[PDB]
Amino acid sequence: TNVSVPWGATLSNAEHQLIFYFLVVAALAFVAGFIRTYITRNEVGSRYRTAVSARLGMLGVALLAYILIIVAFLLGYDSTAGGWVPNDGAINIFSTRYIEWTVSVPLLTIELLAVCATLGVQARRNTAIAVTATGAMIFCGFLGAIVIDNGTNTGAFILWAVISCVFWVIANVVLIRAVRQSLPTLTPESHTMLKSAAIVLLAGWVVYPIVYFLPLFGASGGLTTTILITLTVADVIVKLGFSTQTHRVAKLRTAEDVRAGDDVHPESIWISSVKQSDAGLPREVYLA
Amino acid sequence: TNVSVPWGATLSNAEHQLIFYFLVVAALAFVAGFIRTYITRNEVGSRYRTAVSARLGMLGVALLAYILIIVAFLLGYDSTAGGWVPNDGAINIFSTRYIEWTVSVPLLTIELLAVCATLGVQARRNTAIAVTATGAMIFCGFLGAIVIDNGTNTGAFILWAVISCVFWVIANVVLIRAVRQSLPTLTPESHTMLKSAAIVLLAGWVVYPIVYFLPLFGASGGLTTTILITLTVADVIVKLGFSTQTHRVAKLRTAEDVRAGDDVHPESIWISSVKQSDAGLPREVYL
Amino acid sequence: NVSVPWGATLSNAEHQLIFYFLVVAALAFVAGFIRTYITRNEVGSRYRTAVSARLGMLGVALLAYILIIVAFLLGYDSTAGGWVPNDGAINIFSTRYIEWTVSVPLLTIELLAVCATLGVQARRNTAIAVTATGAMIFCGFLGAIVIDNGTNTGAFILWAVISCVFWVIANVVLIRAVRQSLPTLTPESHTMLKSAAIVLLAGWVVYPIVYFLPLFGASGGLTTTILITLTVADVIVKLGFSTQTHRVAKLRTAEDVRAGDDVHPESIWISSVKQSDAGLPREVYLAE
Amino acid sequence: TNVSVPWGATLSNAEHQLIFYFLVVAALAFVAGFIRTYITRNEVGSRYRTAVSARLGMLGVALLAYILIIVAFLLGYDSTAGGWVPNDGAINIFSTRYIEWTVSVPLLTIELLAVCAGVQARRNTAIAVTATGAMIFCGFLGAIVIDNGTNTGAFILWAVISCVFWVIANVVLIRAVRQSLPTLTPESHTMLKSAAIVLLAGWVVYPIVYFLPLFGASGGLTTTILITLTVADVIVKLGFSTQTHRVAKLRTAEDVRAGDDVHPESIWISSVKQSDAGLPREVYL
Amino acid sequence: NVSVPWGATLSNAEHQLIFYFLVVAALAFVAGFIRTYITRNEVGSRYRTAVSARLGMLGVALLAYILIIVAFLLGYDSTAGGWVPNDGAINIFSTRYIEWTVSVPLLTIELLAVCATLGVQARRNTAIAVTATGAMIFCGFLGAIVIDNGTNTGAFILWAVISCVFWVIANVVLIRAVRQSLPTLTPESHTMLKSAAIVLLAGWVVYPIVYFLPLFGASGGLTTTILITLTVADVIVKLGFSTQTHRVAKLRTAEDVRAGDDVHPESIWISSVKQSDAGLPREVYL
Ligand SMILES: *C/C=C(C)/C=C/C=C(C)/C=C/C1=C(C)CCCC1(C)C
Ligand SMILES: *C/C=C(C)/C=C/C=C(C)/C=C/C1=C(C)CCCC1(C)C
Ligand SMILES: *C/C=C(C)/C=C/C=C(C)/C=C/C1=C(C)CCCC1(C)C
Ligand SMILES: *C/C=C(C)/C=C/C=C(C)/C=C/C1=C(C)CCCC1(C)C
Ligand SMILES: *C/C=C(C)/C=C/C=C(C)/C=C/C1=C(C)CCCC1(C)C
């Protein structure tokens, strides 16, 4: 049992405050993001609408999830003379974040695949692999960290982490292939953006596995705090800052389809205060 | 008596965690689905809007229902240090799922019937039968499993299950007939989709009856866990993965009506990244 | 003495059934509310009052039934196979009255909206119906719950009689409005409105009947019958009957389109049969 | 004479039920109103949209406010042998309504001023908002804040100060209506005047209910005060809400008929068509 | 050494006033949020970022003030001496920081969005402003609450100074962005942006001032002043100032319409004066 469960460490009043601060800030940040995404939903064409639906979903899930995390945090610790002593529900705080990831990660995959121009059959199978892979990845981590022996078995904590890494590789491969296959077809401007979005979205992922193995280096009120805050900052940075990257690709791809004369969009599309497309209406049709 | 109520079995800390995980994940999955369905609502024409309304409703019901299920689970169990001992309200967890099905299943019927080209009163009669049948199917199961003798009576548990199966057959027949009657009128591409949707939507149903009869083979923390999780996974797989099927049919049927020149749609309709219809605006009218 | 229903003890089976129907009802309204909202632009500006009223009714019902459910959960205490009523049990019955007070009046407006009543004639009718319906429920509430904690037989009867007076006033005005409008409407519209009017008003009888049941004694079974019957009645009326009014509005909209009186942006379909074709208002060049 | 705080009176089980009934009914009535206002938001042009925004806001504030009032009522009283005995939180019920008025009243001003006709319009809005805001705050200070509302002197003094603000508000609005009436069409002229009169008249009820506690305290009086205010809030904030909207719609239809601007959908008032549907002329850039 | 405000006992009158302003504020935001949402299509696609930012800020404020209200209700206990602070009283002050952490940054984006800085320069400007404003509040939270439960006078001041450094960085970038954009804008537009920039930035001073009040001692009256003043400040800025940014966007939209740069579906009206007439995009063949 070389594993030192983080929900066992007692927290200082200062630490307790910091965790709460970041958790709520995150939740509010998602509310702001969710609102933005919704209002800026018709800035994209019908073809890439799946990208908008996915991100809005991810943000929605994150908001509600972080509300549960906050609740668990409030019911997970009790105030004493020595600070905030963990109770039976403390484990729920860590558990809830996994739930978030289980649904959030898969949706991200779809978002990237949505902006990716993979056509017909190749695309459908890719989606299934990515979703199942990402879903399994988090489930394996949850099993090892929380489900098995109340996360007290050192070997499983590692074994399942390795199994998860397997899925992480499967996911990255499929996505990277899809991005690589689509890059040549896109315009130079589009090509650069997709690659940029793909790299930004996948890079951050490493932080999560790193934070997962931190408990092995021992237990501490400070460590527990670091684990929670780091993960929170990571969730916000990725699920928020990276959210715009996918959207931008969709918008440009939309404007390009307009300029190219492939389709007509109701409103002018602007990126970085530069006009990419002009407002257009479909030609009136007289039915038989 | 041979019936071993699942809400009587004690659950391990691991089991308790797993159940919670799947329940919440499911609820969140529905929120994501509900959001998607809403945003992708104008991708369909006015003719097949009933399909969109039904699915969004089903998802909405599921979301709220699973919230109740989750709450009951949290307020339905207590920790004894030997696991989680059921409260008097734990039965509510199982009860709530029935409530979900009672409202959710009927809406599904309407959704399939909506994509179906069955028109006139004959189709209206079909809707009434499907809804009433599906509604009764779940109610009969609820009566036997929970209402009668607090689910301690083996006779009712089975009798009512059989009565329910009767309704299940009535529902499947009407729906299958409606799909079969509509299939010939639809285009080849549309024909394939409806059949596909019909098969996928109806097939899964079998899982529910199977899980219902599991308690007869005894009671255990593991079994109780299997029952709950399996049903949850089933609900998500059907109410979600199967939801897209109906929507796609509606979109294509809309695009076809556009191409055929029968009707006009404001935006281009894309399926599988392949354009099915082009942007169109109705002719300006003078009075 | 009047045998108050909130005094009778309920079996575990009975308690479960009541909960089942209450929640199912609430969820049914959520499904209805969602449908009504999505299918709001299927109607013209002229009959929008009908849409606003139904969506309102459904919204009120949903929230109301949530309160009813809460009251039900806090109104009874478990005693090993039996549920003994507490001081809050009365609230369950009280809450339904609140629902009716707001819900019934909105229904009136909905029917009157689809009705062809023009000018003041229409406005006057609405005022009478709303005030009448509003008072009818209030009178019942006073006799059944407010006066002597609902234990006075004389008041229970007196106020019910007063209520019936208002019920007659309401039915008369509405029936007249429907009868006056039927001749002007098309055959297809005539059938729907008449059907809606008849369907909407007929069910009302059930409510008064259930009200006087307590007089014939008190029992766990009776109390169960009262609650469930009212719930089934609320759902059947507020839901199944909701479509009837909406359909009239849609057809009346399509008729206005075909007749060339007005233009609708999208095609209107009833029972899979096209009633109207998509039309756009003629572009106008303002003086500028 | 003597100020007798209403949150001191014990309430009967019957009284407790009545108050709950009206409070919830009111809240639900606002939900129904809020939904209607939202659905019937595009029935008005861009010029008078401030009227729609204001009313929807007022209704929204009222709904949430009445939710707090209901909560306070549930946590403000404890059930006893003699009925429902007030606790420390009972005062919150009365306090919450003031909060509602402080935000709700100002929005109403904007709504009427929105339908009303330049630069001096902005000044008028500032006066109305500040005046209305202060009027309620002054009453709050005297009735609740000062000496826990047990002082007859302030209860009256501050009421008088408030009345001063009430006069300022009514004057600005009355002037705005009077100044605008001549410019508007006869049909529009009648509407605005009608709306102005209906919106301002009711206000008197609030001050009247305020001074009732002076004539003593009782479970019945406390009940009368609460219910009357509730009925008043619903009647004004709801029935009166339509008045402003109608003016906006007609003024929109007039702009359409006159050819000044175009509206996408047909505008109907009293089951009578005011404007036929129109789309803006396609523009090349 | 620092007299924490959550240590002072409050009178029944004081307790009532704080509650009054807090709720009024929350409701004011609800009214604002509703208005902003309904008046979202009064602006063009080009300046939509401004609308998205303000609606977000208002949304955050509303929810935040709900938490502040809850904390206030669970932070004090009624006694014979008035309302005695408990362990949760500190949360009231803590929650406001959370609000500011998300609210302030969004404001920056809103002003920068109306600002015409083009290319990465605006994106670079955005990143600095967001991070600067974010850090500013975090530093204050650290010193006021996190460090020694706000009992260390040196930190209370040190971190305040560090924060002020960030405040200067933020003001500079924004002022530069406004100054750089001002020349490109029309005279009418130019005036509004400057006014909005000045109005948005000026108020900021109040917050730092209120922060250092606890140093001059602790009291039920002072605690009351701190809370109410901040609340009034939040509403006045986040609300009254919200319109300023929006108005600029609307005019800039109308100008683009008149100039023939873009087409807007509906007429745009500011102060009851028509700025742009309704226009529909030309139907296109593919
Ligand atoms: C929006 C949130 C995201 C993208 C979260 C991602 C999380 C991971 C990539 C987690 C991966 C893990 C491993 C590869 C090994 C250890 C267990 C996990 C689940 C933390
Ligand atoms: C979205 C959820 C769905 C479609 C659930 C379906 C459930 C059934 C088809 C249940 C059928 C049953 C029987 C035929 C016998 C035993 C009792 C039931 C209700 C489980
Ligand atoms: C959505 C619910 C509806 C339309 C409910 C209608 C209820 C009534 C018509 C009630 C009438 C009553 C009497 C005429 C006498 C006894 C008391 C009442 C209120 C139940
Ligand atoms: C929507 C609610 C409205 C318009 C409420 C209005 C309230 C008043 C006009 C109150 C006025 C008062 C006085 C003039 C004196 C006493 C104190 C007040 C605030 C009740
Ligand atoms: C919408 C709310 C706003 C803009 C709040 C602004 C707050 C500040 C400008 C705070 C600045 C501070 C310092 C510069 C020093 C002391 C600590 C702070 C955070 C209060």
# chains A, B, ... in the order shown; residues from 1 in each chain; ligands from 1
$ interface_residues --of "chain D" --to "chain A" --cutoff "10 Å" --atoms "only C-alpha atoms" --output "ChimeraX atom specification"
/D:282,284-285
$ write_last_selection --atoms "N, CA, C and O atoms" --output "PDB file, in the first residue's frame"
ATOM      1  N   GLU D 282     -33.119  44.137 -50.273  1.00  0.00           N
ATOM      2  CA  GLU D 282     -31.783  43.493 -50.413  1.00  0.00           C
ATOM      3  C   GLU D 282     -30.761  44.573 -50.781  1.00  0.00           C
ATOM      4  O   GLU D 282     -31.070  45.396 -51.667  1.00  0.00           O
ATOM      5  N   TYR D 284     -26.635  45.582 -51.835  1.00  0.00           N
ATOM      6  CA  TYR D 284     -25.335  45.194 -52.444  1.00  0.00           C
ATOM      7  C   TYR D 284     -24.235  46.027 -51.774  1.00  0.00           C
ATOM      8  O   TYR D 284     -24.456  47.235 -51.557  1.00  0.00           O
ATOM      9  N   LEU D 285     -23.090  45.412 -51.460  1.00  0.00           N
ATOM     10  CA  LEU D 285     -21.969  46.072 -50.735  1.00  0.00           C
ATOM     11  C   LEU D 285     -20.733  46.151 -51.639  1.00  0.00           C
ATOM     12  O   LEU D 285     -20.585  45.375 -52.577  1.00  0.00           O
TER      13      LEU D 285
END
$ residues_near_ligand --ligand "ligand 1" --cutoff "7 Å" --atoms "only C-alpha atoms and all ligand atoms" --output "list in words"
residues 101, 104, 105, 137, 138, 140, 141, 161, 162, 164, 165, 168, 205, 206, 208, 209, 212, 235, 238 and 239 of chain A
$ closest_atom_pairs --of "chain C" --to "chain A" --cutoff "10 Å" --atoms "only C-alpha atoms" --output "CSV"
residue,atom,partner,partner_atom,distance
C:277,CA,A:287,CA,9.3
C:278,CA,A:287,CA,9.7
C:280,CA,A:284,CA,9.2
$ select_by_dssp --residues "range 70-122 of chain E" --states "helix (DSSP H, G or I)" --output "ChimeraX atom specification"
/E:70-75,89-114,120-122
$ residues_near_ligand --ligand "ligand 3" --cutoff "8 Å" --atoms "only C-alpha atoms and all ligand atoms" --output "compact mmCIF listing (two decimals) with N, CA, C and O atoms, in the first residue's frame"
# COMPACT_ATOMS: atom_id res chain seq x y z
N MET C 57 -49.25 27.53 -18.94
CA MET C 57 -50.00 26.48 -18.20
C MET C 57 -49.05 25.32 -17.88
O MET C 57 -48.97 24.94 -16.69
N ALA C 61 -47.71 24.14 -14.26
CA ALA C 61 -48.01 22.73 -13.89
C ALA C 61 -46.73 22.03 -13.44
O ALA C 61 -46.74 21.45 -12.34
N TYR C 97 -54.56 23.13 -5.57
CA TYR C 97 -55.47 24.31 -5.69
C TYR C 97 -54.69 25.47 -6.31
O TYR C 97 -55.19 26.07 -7.29
N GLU C 99 -52.01 25.42 -8.18
CA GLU C 99 -51.85 25.02 -9.61
C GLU C 99 -53.10 25.44 -10.38
O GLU C 99 -52.97 26.24 -11.34
N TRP C 100 -54.26 24.92 -9.98
CA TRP C 100 -55.58 25.15 -10.63
C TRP C 100 -55.87 26.65 -10.72
O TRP C 100 -56.30 27.09 -11.80
N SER C 103 -53.52 27.77 -13.51
CA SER C 103 -53.62 26.88 -14.70
C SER C 103 -54.96 27.05 -15.41
O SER C 103 -54.95 27.32 -16.63
N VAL C 104 -56.08 26.90 -14.68
CA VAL C 104 -57.46 26.95 -15.25
C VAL C 104 -57.65 28.25 -16.02
O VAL C 104 -58.02 28.23 -17.19
N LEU C 107 -56.04 28.34 -19.45
CA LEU C 107 -56.80 27.45 -20.38
C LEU C 107 -57.88 28.29 -21.06
O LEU C 107 -57.93 28.28 -22.31
N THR C 133 -63.15 31.49 -13.20
CA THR C 133 -62.26 30.31 -12.99
C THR C 133 -61.41 30.53 -11.73
O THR C 133 -61.35 29.62 -10.89
N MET C 136 -63.59 30.38 -8.62
CA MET C 136 -64.09 28.98 -8.48
C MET C 136 -63.09 28.18 -7.63
O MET C 136 -63.53 27.59 -6.62
N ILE C 137 -61.82 28.18 -8.02
CA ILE C 137 -60.75 27.42 -7.31
C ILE C 137 -60.58 28.00 -5.90
O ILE C 137 -60.50 27.21 -4.94
N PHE C 138 -60.55 29.33 -5.77
CA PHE C 138 -60.35 30.00 -4.46
C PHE C 138 -61.45 29.56 -3.50
O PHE C 138 -61.14 29.22 -2.33
N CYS C 139 -62.70 29.56 -3.97
CA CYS C 139 -63.87 29.18 -3.13
C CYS C 139 -63.67 27.76 -2.61
O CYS C 139 -63.85 27.55 -1.39
N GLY C 140 -63.30 26.83 -3.50
CA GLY C 140 -63.04 25.42 -3.14
C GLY C 140 -61.95 25.33 -2.09
O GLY C 140 -62.13 24.60 -1.10
N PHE C 141 -60.85 26.06 -2.30
CA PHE C 141 -59.69 26.09 -1.38
C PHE C 141 -60.15 26.55 0.01
O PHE C 141 -59.78 25.92 1.01
N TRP C 159 -69.37 26.59 0.12
CA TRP C 159 -68.35 27.18 -0.78
C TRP C 159 -68.31 26.43 -2.12
O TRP C 159 -68.12 27.08 -3.16
N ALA C 160 -68.50 25.11 -2.09
CA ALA C 160 -68.55 24.28 -3.31
C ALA C 160 -69.70 24.75 -4.19
O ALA C 160 -69.51 24.82 -5.42
N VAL C 161 -70.85 25.05 -3.58
CA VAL C 161 -72.07 25.54 -4.30
C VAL C 161 -71.72 26.88 -4.94
O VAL C 161 -72.00 27.06 -6.16
N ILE C 162 -71.11 27.79 -4.16
CA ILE C 162 -70.67 29.13 -4.65
C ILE C 162 -69.76 28.91 -5.85
O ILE C 162 -69.96 29.60 -6.87
N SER C 163 -68.79 27.99 -5.72
CA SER C 163 -67.83 27.64 -6.80
C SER C 163 -68.59 27.22 -8.06
O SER C 163 -68.30 27.78 -9.14
N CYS C 164 -69.55 26.30 -7.91
CA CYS C 164 -70.37 25.80 -9.05
C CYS C 164 -71.01 26.97 -9.79
O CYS C 164 -71.07 26.90 -11.03
N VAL C 165 -71.46 27.98 -9.06
CA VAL C 165 -72.07 29.21 -9.64
C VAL C 165 -71.07 29.81 -10.63
O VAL C 165 -71.46 30.06 -11.79
N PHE C 166 -69.82 29.99 -10.19
CA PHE C 166 -68.72 30.54 -11.03
C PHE C 166 -68.45 29.59 -12.20
O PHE C 166 -68.26 30.06 -13.34
N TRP C 167 -68.42 28.28 -11.92
CA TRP C 167 -68.18 27.22 -12.94
C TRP C 167 -69.19 27.38 -14.07
O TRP C 167 -68.78 27.30 -15.24
N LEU C 200 -62.23 20.21 -23.68
CA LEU C 200 -61.62 21.06 -22.62
C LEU C 200 -62.58 21.21 -21.43
O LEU C 200 -62.09 21.11 -20.29
N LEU C 201 -63.87 21.41 -21.68
CA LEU C 201 -64.90 21.70 -20.64
C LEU C 201 -65.43 20.43 -19.98
O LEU C 201 -65.63 20.47 -18.75
N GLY C 203 -64.25 17.33 -19.12
CA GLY C 203 -63.42 16.76 -18.04
C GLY C 203 -63.64 17.45 -16.70
O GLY C 203 -63.60 16.75 -15.67
N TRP C 204 -63.87 18.76 -16.71
CA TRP C 204 -64.02 19.63 -15.50
C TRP C 204 -64.88 18.94 -14.43
O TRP C 204 -64.57 19.13 -13.25
N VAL C 205 -65.92 18.20 -14.83
CA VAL C 205 -66.90 17.56 -13.91
C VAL C 205 -66.17 16.69 -12.88
O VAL C 205 -66.58 16.70 -11.70
N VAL C 206 -65.12 15.98 -13.31
CA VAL C 206 -64.34 15.02 -12.46
C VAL C 206 -63.90 15.72 -11.17
O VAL C 206 -64.07 15.11 -10.10
N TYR C 207 -63.36 16.94 -11.28
CA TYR C 207 -62.79 17.73 -10.15
C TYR C 207 -63.84 17.90 -9.05
O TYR C 207 -63.61 17.51 -7.91
N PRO C 208 -65.03 18.48 -9.35
CA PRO C 208 -66.07 18.64 -8.34
C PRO C 208 -66.46 17.30 -7.68
O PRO C 208 -66.64 17.28 -6.47
N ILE C 209 -66.56 16.24 -8.48
CA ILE C 209 -66.95 14.87 -8.02
C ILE C 209 -65.94 14.40 -6.97
O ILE C 209 -66.39 13.95 -5.89
N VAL C 210 -64.65 14.50 -7.27
CA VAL C 210 -63.53 14.06 -6.38
C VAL C 210 -63.55 14.89 -5.09
O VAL C 210 -63.21 14.34 -4.02
N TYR C 211 -63.93 16.16 -5.19
CA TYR C 211 -63.99 17.13 -4.06
C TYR C 211 -64.91 16.62 -2.95
O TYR C 211 -64.53 16.71 -1.77
N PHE C 212 -66.07 16.08 -3.33
CA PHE C 212 -67.16 15.64 -2.40
C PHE C 212 -66.95 14.20 -1.93
O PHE C 212 -67.80 13.73 -1.13
N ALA C 233 -56.35 13.21 -14.29
CA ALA C 233 -57.26 14.24 -14.85
C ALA C 233 -56.43 15.44 -15.32
O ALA C 233 -56.60 15.85 -16.49
N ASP C 234 -55.56 15.97 -14.45
CA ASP C 234 -54.68 17.13 -14.74
C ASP C 234 -53.86 16.85 -16.01
O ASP C 234 -53.83 17.72 -16.90
N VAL C 235 -53.21 15.69 -16.07
CA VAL C 235 -52.32 15.29 -17.20
C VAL C 235 -53.16 15.15 -18.47
O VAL C 235 -52.79 15.77 -19.49
N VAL C 237 -56.13 16.33 -19.33
CA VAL C 237 -56.68 17.66 -19.74
C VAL C 237 -55.56 18.58 -20.21
O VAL C 237 -55.51 18.96 -21.37
N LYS C 238 -54.66 18.91 -19.28
CA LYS C 238 -53.60 19.88 -19.52
C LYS C 238 -52.66 19.43 -20.63
O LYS C 238 -51.91 20.24 -21.16
$ residues_near_ligand --ligand "ligand 2" --cutoff "8 Å" --atoms "only C-alpha atoms and all ligand atoms" --output "NGL selection string"
:B and (58 or 98 or 100-101 or 104-105 or 108 or 134 or 137-142 or 160-168 or 201-202 or 204-213 or 234-235 or 238-239)
$ atom_distance --atom1 "CA of residue 66 in chain B" --atom2 "CA of residue 27 in chain D"
27.4 Å
$ closest_atom_pairs --of "chain E" --to "ligand 5" --cutoff "6 Å" --atoms "only C-alpha atoms and all ligand atoms" --output "CSV"
residue,atom,partner,partner_atom_place_in_ligand_line,distance
E:100,CA,ligand 5,2 (C),5.2
E:103,CA,ligand 5,1 (C),5.5
E:104,CA,ligand 5,4 (C),4.7
E:136,CA,ligand 5,19 (C),5.3
E:137,CA,ligand 5,19 (C),4.0
E:140,CA,ligand 5,17 (C),4.1
E:160,CA,ligand 5,16 (C),4.4
E:163,CA,ligand 5,14 (C),5.0
E:164,CA,ligand 5,14 (C),4.0
E:167,CA,ligand 5,14 (C),5.3
E:204,CA,ligand 5,9 (C),4.2
E:207,CA,ligand 5,20 (C),4.7
E:208,CA,ligand 5,16 (C),4.3
E:211,CA,ligand 5,20 (C),5.5
E:234,CA,ligand 5,1 (C),5.2
E:238,CA,ligand 5,1 (C),5.0
$ write_last_selection --atoms "N, CA, C and O atoms" --output "PDB file, in the first residue's frame"
ATOM      1  N   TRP E 100     -14.841  38.876  -8.741  1.00  0.00           N
ATOM      2  CA  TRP E 100     -13.858  39.799  -9.366  1.00  0.00           C
ATOM      3  C   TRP E 100     -12.890  39.014 -10.257  1.00  0.00           C
ATOM      4  O   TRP E 100     -12.632  39.479 -11.381  1.00  0.00           O
ATOM      5  N   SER E 103     -15.069  38.208 -13.283  1.00  0.00           N
ATOM      6  CA  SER E 103     -15.787  39.417 -13.775  1.00  0.00           C
ATOM      7  C   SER E 103     -14.817  40.428 -14.403  1.00  0.00           C
ATOM      8  O   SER E 103     -15.049  40.811 -15.573  1.00  0.00           O
ATOM      9  N   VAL E 104     -13.778  40.840 -13.667  1.00  0.00           N
ATOM     10  CA  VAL E 104     -12.795  41.878 -14.109  1.00  0.00           C
ATOM     11  C   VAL E 104     -12.209  41.476 -15.460  1.00  0.00           C
ATOM     12  O   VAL E 104     -12.262  42.251 -16.413  1.00  0.00           O
ATOM     13  N   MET E 136      -4.066  40.264 -10.344  1.00  0.00           N
ATOM     14  CA  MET E 136      -4.400  41.404  -9.453  1.00  0.00           C
ATOM     15  C   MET E 136      -5.308  40.913  -8.319  1.00  0.00           C
ATOM     16  O   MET E 136      -4.922  41.059  -7.144  1.00  0.00           O
ATOM     17  N   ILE E 137      -6.471  40.353  -8.662  1.00  0.00           N
ATOM     18  CA  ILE E 137      -7.475  39.880  -7.665  1.00  0.00           C
ATOM     19  C   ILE E 137      -6.880  38.740  -6.840  1.00  0.00           C
ATOM     20  O   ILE E 137      -7.073  38.757  -5.607  1.00  0.00           O
ATOM     21  N   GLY E 140      -4.648  39.998  -4.060  1.00  0.00           N
ATOM     22  CA  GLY E 140      -5.469  40.581  -2.983  1.00  0.00           C
ATOM     23  C   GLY E 140      -6.083  39.494  -2.126  1.00  0.00           C
ATOM     24  O   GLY E 140      -6.016  39.618  -0.887  1.00  0.00           O
ATOM     25  N   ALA E 160      -0.806  43.578  -1.791  1.00  0.00           N
ATOM     26  CA  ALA E 160      -1.606  44.719  -2.290  1.00  0.00           C
ATOM     27  C   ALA E 160      -0.752  45.510  -3.288  1.00  0.00           C
ATOM     28  O   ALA E 160      -1.272  45.868  -4.362  1.00  0.00           O
ATOM     29  N   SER E 163      -0.205  43.485  -6.438  1.00  0.00           N
ATOM     30  CA  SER E 163      -1.494  43.617  -7.166  1.00  0.00           C
ATOM     31  C   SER E 163      -1.511  44.942  -7.936  1.00  0.00           C
ATOM     32  O   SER E 163      -1.781  44.913  -9.149  1.00  0.00           O
ATOM     33  N   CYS E 164      -1.220  46.057  -7.255  1.00  0.00           N
ATOM     34  CA  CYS E 164      -1.175  47.418  -7.858  1.00  0.00           C
ATOM     35  C   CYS E 164      -0.281  47.401  -9.103  1.00  0.00           C
ATOM     36  O   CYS E 164      -0.634  48.067 -10.090  1.00  0.00           O
ATOM     37  N   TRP E 167      -2.299  45.992 -11.734  1.00  0.00           N
ATOM     38  CA  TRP E 167      -3.336  47.021 -12.020  1.00  0.00           C
ATOM     39  C   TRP E 167      -2.774  48.043 -13.015  1.00  0.00           C
ATOM     40  O   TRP E 167      -3.493  48.396 -13.963  1.00  0.00           O
ATOM     41  N   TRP E 204     -12.219  51.728 -10.676  1.00  0.00           N
ATOM     42  CA  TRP E 204     -11.307  50.685 -10.126  1.00  0.00           C
ATOM     43  C   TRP E 204     -10.671  51.134  -8.802  1.00  0.00           C
ATOM     44  O   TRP E 204     -10.495  50.275  -7.916  1.00  0.00           O
ATOM     45  N   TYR E 207     -11.984  50.070  -5.099  1.00  0.00           N
ATOM     46  CA  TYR E 207     -11.692  48.701  -4.598  1.00  0.00           C
ATOM     47  C   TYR E 207     -10.430  48.720  -3.738  1.00  0.00           C
ATOM     48  O   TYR E 207     -10.473  48.315  -2.579  1.00  0.00           O
ATOM     49  N   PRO E 208      -9.275  49.194  -4.258  1.00  0.00           N
ATOM     50  CA  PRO E 208      -8.053  49.266  -3.459  1.00  0.00           C
ATOM     51  C   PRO E 208      -8.249  50.070  -2.163  1.00  0.00           C
ATOM     52  O   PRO E 208      -7.747  49.649  -1.134  1.00  0.00           O
ATOM     53  N   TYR E 211     -10.091  48.132   0.437  1.00  0.00           N
ATOM     54  CA  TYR E 211      -9.190  47.019   0.836  1.00  0.00           C
ATOM     55  C   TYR E 211      -8.392  47.402   2.087  1.00  0.00           C
ATOM     56  O   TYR E 211      -8.288  46.564   3.002  1.00  0.00           O
ATOM     57  N   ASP E 234     -19.764  47.584  -7.428  1.00  0.00           N
ATOM     58  CA  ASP E 234     -19.935  46.436  -8.358  1.00  0.00           C
ATOM     59  C   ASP E 234     -21.112  46.706  -9.300  1.00  0.00           C
ATOM     60  O   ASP E 234     -20.931  46.556 -10.522  1.00  0.00           O
ATOM     61  N   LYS E 238     -20.333  47.380 -13.116  1.00  0.00           N
ATOM     62  CA  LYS E 238     -20.718  46.224 -13.915  1.00  0.00           C
ATOM     63  C   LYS E 238     -22.037  46.452 -14.651  1.00  0.00           C
ATOM     64  O   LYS E 238     -22.355  45.714 -15.581  1.00  0.00           O
TER      65      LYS E 238
END
$ interface_residues --of "chain E" --to "chain B" --cutoff "12 Å" --atoms "only C-alpha atoms" --output "number ranges by chain"
E: 283-286
$ select_by_dssp --residues "range 33-264 of chain A" --states "strand (DSSP E)" --output "PyMOL selection string"
chain A and resi 77-79+84-86
$ interface_residues --of "chain C" --to "chain E" --cutoff "10 Å" --atoms "only C-alpha atoms" --output "ChimeraX atom specification"
/C:283,285-286,288
